Structures are given as structure tokens and as C-alpha cells.
Amino acid sequence: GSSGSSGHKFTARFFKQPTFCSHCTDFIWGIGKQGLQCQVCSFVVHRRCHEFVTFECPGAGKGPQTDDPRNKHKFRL
Ligand SMILES: [Zn+2]
Ligand SMILES: [Zn+2]
Numbered sequence: 029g030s031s032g033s034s035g036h037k038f039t040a041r042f043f044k045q046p047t048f049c050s051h052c053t054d055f056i057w058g059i060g061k062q063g064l065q066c067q068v069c070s071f072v073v074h075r076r077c078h079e080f081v082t083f084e085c086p087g088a089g090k091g092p093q094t095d096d097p098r099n100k101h102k103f104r105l
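Using the entry's author numbering, you'd call the opening residue of the sequence shown number 29 and step up by one each time.
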């Protein structure tokens, strides 16, 4: 096998709920148990989608880019 993932912290993890791949725009819970969720940007993508992934993890590797994900904070409970 070619050593060098250079990707996210993908790792097999049971999905009691119907996970939704935010890459190919397809379902996961049903067409098998191929679902790897990243422990950094909570980016879960099919087993094959993993390698396909091109985006650069915001946490894994590089830090927080100029842009900012956080938004207006809540006031009430
Ligand atoms: Zn996918
Ligand atoms: Zn990630």
C-alpha cells in the first residue's frame, strides 16, 4: 500500500443515524457501512470519497485561515 494519507483523520465509526456525505451529495446509511468522520472538521465522507476529498482540513495540518467560521454569539439561554 502507498504510505501517505495526507488527508483528514478519517476513521471507521458506527453511525446509529443516517449520515449524509457532504462531498458527493449522496446517502451513506444503506449502501453499506462506508463512513469515515473526521475528528477535526466533523467532515464525514464515504470510504471512496475520502481519497477523492481535495479540501484542506481547517484543523489537520494548517491552522485557521484568514476567514472565520464562528458567527454572532447567542444572548438568551
Ligand atoms: Zn460521498
Ligand atoms: Zn477534517
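Beta carbons are placed, not taken as given, at the ideal position from N, Cα and C, and that holds for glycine.
Check: With C-beta atoms as the reference, is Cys49 less than 9 Å away from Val72?
Finding: Taking the sequence shown and counting its residues from 1, one reaches residue 49 at position 21. Taking the sequence shown and counting its residues from 1, one reaches residue 72 at position 44. Against a cut-off of 9 Å, the Cβ pair of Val72 and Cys49 comes out as a contact.
Notebook entry, point to check: With respect to 8 Å, is the separation between the Cβ of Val68 and the closest non-hydrogen atom of ligand 1 below this value?
Noted result: Taking the first residue of the sequence shown as 1, we reach residue 68 at position 40. Answer for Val68: no, Cβ out of range of ligand 1.
Check: Secondary structure at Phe80, three-state DSSP: helix, strand or coil?
Finding: Position 52 of the sequence shown, counting from 1, holds the residue named residue 80. Helix at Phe80.
Item checked: Beta-carbon separation (whole angstroms), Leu64 vs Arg76, contact threshold 8 Å -> Within the sequence shown, residue 64 is the residue found at index 36, counting from 1. Within the sequence shown, residue 76 is the residue found at index 48, counting from 1. Between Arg76 and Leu64 the Cβ distance is about 10 Å, and since that is not below 8 Å, they are no contact.
Margin query: Just to check my reading of the structure: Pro86 and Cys69 have Cβ atoms closer than 8 Å, yes? What is that Cβ distance to the nearest angstrom?
Written below: What you label residue 86 is simply residue 58 of the sequence shown in a count that begins at 1. What you label residue 69 is simply residue 41 of the sequence shown in a count that begins at 1. With a Cβ gap of about 5 Å, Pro86 and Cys69 count as contacting.
Check: Just checking my contact of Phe103 with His78 at CB under 8 Å: how many whole Å lie between their CB atoms?
Finding: Walking along the sequence shown from the start, residue 103 turns up at place 75. Walking along the sequence shown from the start, residue 78 turns up at place 50. Their Cβ separation, rounded to whole angstroms, is 39 Å, which puts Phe103 and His78 out of contact at 8 Å.
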